[PDB]
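Pasted below: start_7.pdb, PDB, C-alpha atoms.
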ATOM      1  CA  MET J   1    -133.909 -16.915  20.522  1.00  0.00           C
ATOM      2  CA  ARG J   2    -135.900 -15.147  23.326  1.00  0.00           C
ATOM      3  CA  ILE J   3    -138.432 -17.181  25.402  1.00  0.00           C
ATOM      4  CA  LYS J   4    -141.567 -15.400  26.731  1.00  0.00           C
ATOM      5  CA  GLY J   5    -142.393 -15.994  30.439  1.00  0.00           C
ATOM      6  CA  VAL J   6    -144.707 -14.797  33.255  1.00  0.00           C
ATOM      7  CA  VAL J   7    -143.319 -13.759  36.682  1.00  0.00           C
ATOM      8  CA  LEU J   8    -145.592 -15.764  39.052  1.00  0.00           C
ATOM      9  CA  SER J   9    -143.759 -14.388  42.145  1.00  0.00           C
ATOM     10  CA  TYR J  10    -140.777 -12.273  43.383  1.00  0.00           C
ATOM     11  CA  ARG J  11    -138.385 -12.739  46.346  1.00  0.00           C
ATOM     12  CA  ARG J  12    -136.585  -9.819  48.056  1.00  0.00           C
ATOM     13  CA  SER J  13    -132.822 -10.488  48.093  1.00  0.00           C
ATOM     14  CA  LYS J  14    -131.944 -10.220  51.822  1.00  0.00           C
ATOM     15  CA  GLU J  15    -128.448 -11.597  50.962  1.00  0.00           C
ATOM     16  CA  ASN J  16    -125.179  -9.594  50.522  1.00  0.00           C
ATOM     17  CA  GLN J  17    -125.568 -10.188  46.753  1.00  0.00           C
ATOM     18  CA  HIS J  18    -128.703  -8.016  46.211  1.00  0.00           C
ATOM     19  CA  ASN J  19    -130.045  -9.854  43.135  1.00  0.00           C
ATOM     20  CA  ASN J  20    -133.883  -9.723  42.907  1.00  0.00           C
ATOM     21  CA  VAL J  21    -135.147 -13.320  42.570  1.00  0.00           C
ATOM     22  CA  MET J  22    -138.305 -14.294  40.646  1.00  0.00           C
ATOM     23  CA  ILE J  23    -140.337 -17.441  39.968  1.00  0.00           C
ATOM     24  CA  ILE J  24    -140.728 -17.235  36.146  1.00  0.00           C
ATOM     25  CA  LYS J  25    -143.066 -19.611  34.279  1.00  0.00           C
ATOM     26  CA  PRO J  26    -141.816 -19.633  30.600  1.00  0.00           C
ATOM     27  CA  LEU J  27    -144.905 -20.127  28.324  1.00  0.00           C
ATOM     28  CA  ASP J  28    -142.737 -22.207  25.898  1.00  0.00           C
ATOM     29  CA  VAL J  29    -140.810 -24.162  28.604  1.00  0.00           C
ATOM     30  CA  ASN J  30    -143.131 -26.567  30.516  1.00  0.00           C
ATOM     31  CA  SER J  31    -140.517 -29.391  30.854  1.00  0.00           C
ATOM     32  CA  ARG J  32    -137.586 -29.790  33.335  1.00  0.00           C
ATOM     33  CA  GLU J  33    -135.137 -30.629  30.489  1.00  0.00           C
ATOM     34  CA  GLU J  34    -135.994 -27.469  28.472  1.00  0.00           C
ATOM     35  CA  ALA J  35    -135.580 -25.428  31.710  1.00  0.00           C
ATOM     36  CA  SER J  36    -132.312 -27.145  32.799  1.00  0.00           C
ATOM     37  CA  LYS J  37    -130.564 -26.217  29.489  1.00  0.00           C
ATOM     38  CA  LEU J  38    -131.459 -22.536  30.312  1.00  0.00           C
ATOM     39  CA  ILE J  39    -129.196 -22.457  33.460  1.00  0.00           C
ATOM     40  CA  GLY J  40    -126.944 -19.406  32.881  1.00  0.00           C
ATOM     41  CA  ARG J  41    -129.175 -17.756  30.227  1.00  0.00           C
ATOM     42  CA  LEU J  42    -129.857 -14.007  30.406  1.00  0.00           C
ATOM     43  CA  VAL J  43    -133.414 -12.968  31.375  1.00  0.00           C
ATOM     44  CA  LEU J  44    -134.599  -9.446  30.482  1.00  0.00           C
ATOM     45  CA  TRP J  45    -137.394  -8.293  32.863  1.00  0.00           C
ATOM     46  CA  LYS J  46    -139.093  -4.919  32.476  1.00  0.00           C
ATOM     47  CA  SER J  47    -139.075  -3.229  35.948  1.00  0.00           C
ATOM     48  CA  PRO J  48    -141.985  -0.780  36.912  1.00  0.00           C
ATOM     49  CA  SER J  49    -139.141   1.837  37.039  1.00  0.00           C
ATOM     50  CA  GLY J  50    -139.037   1.720  33.168  1.00  0.00           C
ATOM     51  CA  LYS J  51    -135.724  -0.181  33.040  1.00  0.00           C
ATOM     52  CA  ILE J  52    -134.899  -3.629  31.588  1.00  0.00           C
ATOM     53  CA  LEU J  53    -133.002  -5.514  34.342  1.00  0.00           C
ATOM     54  CA  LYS J  54    -130.669  -8.323  33.209  1.00  0.00           C
ATOM     55  CA  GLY J  55    -130.718 -11.601  35.184  1.00  0.00           C
ATOM     56  CA  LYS J  56    -129.451 -15.190  35.262  1.00  0.00           C
ATOM     57  CA  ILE J  57    -131.373 -18.479  35.662  1.00  0.00           C
ATOM     58  CA  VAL J  58    -129.556 -19.905  38.728  1.00  0.00           C
ATOM     59  CA  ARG J  59    -131.827 -22.987  39.167  1.00  0.00           C
ATOM     60  CA  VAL J  60    -135.176 -24.369  37.893  1.00  0.00           C
ATOM     61  CA  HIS J  61    -138.350 -25.123  39.859  1.00  0.00           C
ATOM     62  CA  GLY J  62    -139.637 -28.721  39.535  1.00  0.00           C
ATOM     63  CA  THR J  63    -140.712 -30.308  36.212  1.00  0.00           C
ATOM     64  CA  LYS J  64    -143.115 -27.393  35.344  1.00  0.00           C
ATOM     65  CA  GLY J  65    -140.221 -25.705  33.439  1.00  0.00           C
ATOM     66  CA  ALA J  66    -140.597 -22.693  35.758  1.00  0.00           C
ATOM     67  CA  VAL J  67    -137.128 -21.050  36.006  1.00  0.00           C
ATOM     68  CA  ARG J  68    -135.759 -18.980  38.949  1.00  0.00           C
ATOM     69  CA  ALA J  69    -133.643 -15.954  37.901  1.00  0.00           C
ATOM     70  CA  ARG J  70    -131.524 -13.572  40.048  1.00  0.00           C
ATOM     71  CA  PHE J  71    -131.183 -10.054  38.491  1.00  0.00           C
ATOM     72  CA  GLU J  72    -127.826  -8.170  38.875  1.00  0.00           C
ATOM     73  CA  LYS J  73    -129.475  -4.758  39.594  1.00  0.00           C
ATOM     74  CA  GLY J  74    -131.502  -6.208  42.529  1.00  0.00           C
ATOM     75  CA  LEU J  75    -134.299  -3.663  41.990  1.00  0.00           C
ATOM     76  CA  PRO J  76    -137.853  -4.375  43.424  1.00  0.00           C
ATOM     77  CA  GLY J  77    -141.091  -4.503  41.397  1.00  0.00           C
ATOM     78  CA  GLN J  78    -144.088  -6.476  42.804  1.00  0.00           C
ATOM     79  CA  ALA J  79    -145.376  -6.402  39.167  1.00  0.00           C
ATOM     80  CA  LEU J  80    -146.850  -9.994  39.700  1.00  0.00           C
ATOM     81  CA  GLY J  81    -148.015 -11.290  36.253  1.00  0.00           C
ATOM     82  CA  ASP J  82    -145.484  -9.229  34.204  1.00  0.00           C
ATOM     83  CA  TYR J  83    -143.659 -10.668  31.150  1.00  0.00           C
ATOM     84  CA  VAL J  84    -139.919 -11.449  30.687  1.00  0.00           C
ATOM     85  CA  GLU J  85    -137.740 -12.439  27.668  1.00  0.00           C
ATOM     86  CA  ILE J  86    -135.189 -15.223  28.353  1.00  0.00           C
ATOM     87  CA  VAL J  87    -132.339 -14.593  25.890  1.00  0.00           C
ATOM     88  CA  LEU J  88    -130.744 -17.916  24.816  1.00  0.00           C
ATOM     89  CA  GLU J  89    -127.256 -16.745  25.792  1.00  0.00           C
ATOM     90  CA  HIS J  90    -125.424 -20.123  26.098  1.00  0.00           C
ATOM     91  CA  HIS J  91    -121.937 -19.263  27.495  1.00  0.00           C
TER      92      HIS J  91
END

As structure tokens, the full file:
Amino acid sequence: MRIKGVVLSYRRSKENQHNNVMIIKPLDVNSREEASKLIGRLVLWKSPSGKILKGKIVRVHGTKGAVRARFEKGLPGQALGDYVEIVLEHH
């Protein structure tokens, strides 16, 4: 299963762990429960660089089902409105 989402916003990782954060609103996930069972799942975002960065849903945002994912590559984008695919990893 891959869930389709819209990156509402990005956050520049100023931390030691340079993992580019994003406020994703999954079109299928509009409940807190459906979002909370996605903690750890692998999000595939398409960077403007023409690369598919892999990320991890670290925590959800409210009851809206909007998930917040940190991407290992930590590469910028500012592609506000771009689409992701949340791979139901389940480790």

Do you know which residues are at most 12 Å from residue J:2 counting only C-alpha atoms, after dropping those on the same chain fewer than 5 positions away, and could you put them as a tab-separated table (two decimals) with C-alpha atoms, in the frame of the given file?
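Printed below is around35.tsv as written:
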chain	number	residue	atom	x	y	z
J	26	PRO	CA	-141.82	-19.63	30.60
J	27	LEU	CA	-144.90	-20.13	28.32
J	28	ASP	CA	-142.74	-22.21	25.90
J	29	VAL	CA	-140.81	-24.16	28.60
J	38	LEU	CA	-131.46	-22.54	30.31
J	41	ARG	CA	-129.18	-17.76	30.23
J	42	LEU	CA	-129.86	-14.01	30.41
J	43	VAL	CA	-133.41	-12.97	31.38
J	44	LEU	CA	-134.60	-9.45	30.48
J	45	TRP	CA	-137.39	-8.29	32.86
J	83	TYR	CA	-143.66	-10.67	31.15
J	84	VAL	CA	-139.92	-11.45	30.69
J	85	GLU	CA	-137.74	-12.44	27.67
J	86	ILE	CA	-135.19	-15.22	28.35
J	87	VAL	CA	-132.34	-14.59	25.89
J	88	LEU	CA	-130.74	-17.92	24.82
J	89	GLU	CA	-127.26	-16.74	25.79
J	90	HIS	CA	-125.42	-20.12	26.10

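For the pair atom CA of residue J:72 and atom CA of residue J:31, the interatomic distance is 26.0 Å.
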
Residues within 7 Å of residue J:21, all atoms listed in the file, excluding chain neighbours under 5 positions, as a list in words: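 So, after excluding close chain neighbours, the residues are residues 10, 11, 12, 13, 68, 69, 70 and 71 of chain J.
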
Write the residues of the preceding selection, restricted to C-alpha atoms, as a PDB file, in the coordinates of the input.
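For reference, out35.pdb as written:
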ATOM      1  CA  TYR J  10    -140.777 -12.273  43.383  1.00  0.00           C
ATOM      2  CA  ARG J  11    -138.385 -12.739  46.346  1.00  0.00           C
ATOM      3  CA  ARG J  12    -136.585  -9.819  48.056  1.00  0.00           C
ATOM      4  CA  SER J  13    -132.822 -10.488  48.093  1.00  0.00           C
ATOM      5  CA  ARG J  68    -135.759 -18.980  38.949  1.00  0.00           C
ATOM      6  CA  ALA J  69    -133.643 -15.954  37.901  1.00  0.00           C
ATOM      7  CA  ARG J  70    -131.524 -13.572  40.048  1.00  0.00           C
ATOM      8  CA  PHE J  71    -131.183 -10.054  38.491  1.00  0.00           C
TER       9      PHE J  71
END

Please return the centre and edge lengths, in Å to one decimal, of a box with edges along x, y and z that contains all listed atoms of stretch 18-23 of chain J, widened by 4 Å on every side, as lines of an AutoDock Vina configuration file.
center_x = -134.5
center_y = -12.7
center_z = 43.1
size_x = 19.6
size_y = 17.4
size_z = 14.2

Report the distance between atom CA of residue J:49 and atom CA of residue J:35 in Å, rounded to one decimal place.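 We find that atom CA of residue J:49 and atom CA of residue J:35 lie 28.0 Å from each other.
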
Quote the spacing between atom CA of residue J:79 and atom CA of residue J:33 in Å to one decimal place.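 It comes out at 27.7 Å.
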
I'd like to know which of J:37, J:67, J:1, J:32 is closest to residue J:55, using all atoms listed in the file. J:67

Matched chain/residue IDs from the PyMOL selection byres ((chain J and resi 73) around 9), as a PyMOL selection string: chain J and resi 18-20+53-55+71-72+74-75

May I have the residues from that selection written out with C-alpha atoms, as a compact mmCIF listing (two decimals), keeping the file's coordinate frame?
# COMPACT_ATOMS: atom_id res chain seq x y z
CA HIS J 18 -128.70 -8.02 46.21
CA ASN J 19 -130.04 -9.85 43.14
CA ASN J 20 -133.88 -9.72 42.91
CA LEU J 53 -133.00 -5.51 34.34
CA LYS J 54 -130.67 -8.32 33.21
CA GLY J 55 -130.72 -11.60 35.18
CA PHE J 71 -131.18 -10.05 38.49
CA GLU J 72 -127.83 -8.17 38.88
CA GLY J 74 -131.50 -6.21 42.53
CA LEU J 75 -134.30 -3.66 41.99

Hits of the PyMOL selection byres ((chain J and resi 78) around 10) in this structure, as a PyMOL selection string: chain J and resi 7+9-12+22+47-48+76-77+79-82

Who sits within 7 Å of residue J:25, all atoms listed in the file, same chain under 6 positions skipped, as a list in words: residues 5, 6, 7, 8, 65, 66 and 67 of chain J

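Checking J:59, J:4, J:46, J:51 one by one against residue J:23, counting only C-alpha atoms, you find the shortest gap at J:59.
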
Using all atoms listed in the file: which of J:58, J:24, J:17, J:63 has the shortest distance to residue J:40: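 Of all the options, J:58 lies closest to residue J:40.
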